[PDB]
Structures are given as C-alpha cells and as structure tokens.
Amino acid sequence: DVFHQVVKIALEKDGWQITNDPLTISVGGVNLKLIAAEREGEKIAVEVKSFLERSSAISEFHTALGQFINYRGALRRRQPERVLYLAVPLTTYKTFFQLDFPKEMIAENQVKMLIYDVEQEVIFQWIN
C-alpha cells in the first residue's frame, strides 16, 4: 500500500492525473492494483512493484514480468493507446536491474519502466 501511494504521489508531482486505481480489465474470459493515469491526453498504466514482495528479487521479477506481459496483452485489446509501465524503486533499478540477466530480459520483452525514488517520492527516469 505504501509503495502504491509513493508512485501515485510521484506521478502527481509530474502533473499526471490518476483516473483509476485499480485499473480493472477483463478480456478473453478472464478478469485480470494497476494505476491508470493521464496527462494532456497521453494515457498510461502503471504496474507498481516494491521488490520487497517476496523472497528474492529474482522471484519477484518472475511474477512482475509475467504480470507485465499479460496486462500489456489485455490492454492492447481494450485500451490500445494506454501504455503500460513497470514501476520499480531506484535502489532496485541500480542493483538488480544492472545485473546482466534482468537487463537482458527487460530488453527481450520490451518492458517499459518507471523508475521512482522512494525517499523523496519522485519520478527519476522513464525507460523504453
């Protein structure tokens, strides 16, 4: 809940309007915490991860990646101009996501990223 609220505030500081939280989505016989936001007509969806959810970073990464792929597929078929981002803390970005394997998997799967700083609750970088 805390990291969810950190990401909303970071988005708000950059002038995004939060329109749905959660963004709910059902497609192809399945009902799938996503934040929907927009800013001057640019629409996005944000999958928030703290990377304290599990065990290891790698275990969380598996679930985060699968969710990312599935939500991205679902969103194509419902709101094709809403771009999906995986939000992760700066500490995780600078450590886990600098390892060769996760960096490669992010690239192979075209994962777009919102890097947020937890302490100050700000957006540090948009990736891809």
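Start at 1 with the first residue shown and count on from there.
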Can you tell me how many deposited residues have no coordinates between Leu32 and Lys33? The categories are none, 1 to 3, 4 to 9, and 10 or more. 4 to 9
Give the stretch, out of 16 to 24 and 114 to 122, with the larger mean C-alpha temperature factor in the deposited entry. 16 to 24
Between the two ranges 46 to 54 and 97 to 105, the one averaging a larger CA B factor in the entry: 46 to 54
Highest Cα temperature factor in the entry, among the options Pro89, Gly66, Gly41, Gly73: which one is it? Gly41
Assert third(CA B-factor, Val6) within chain per record equals middle
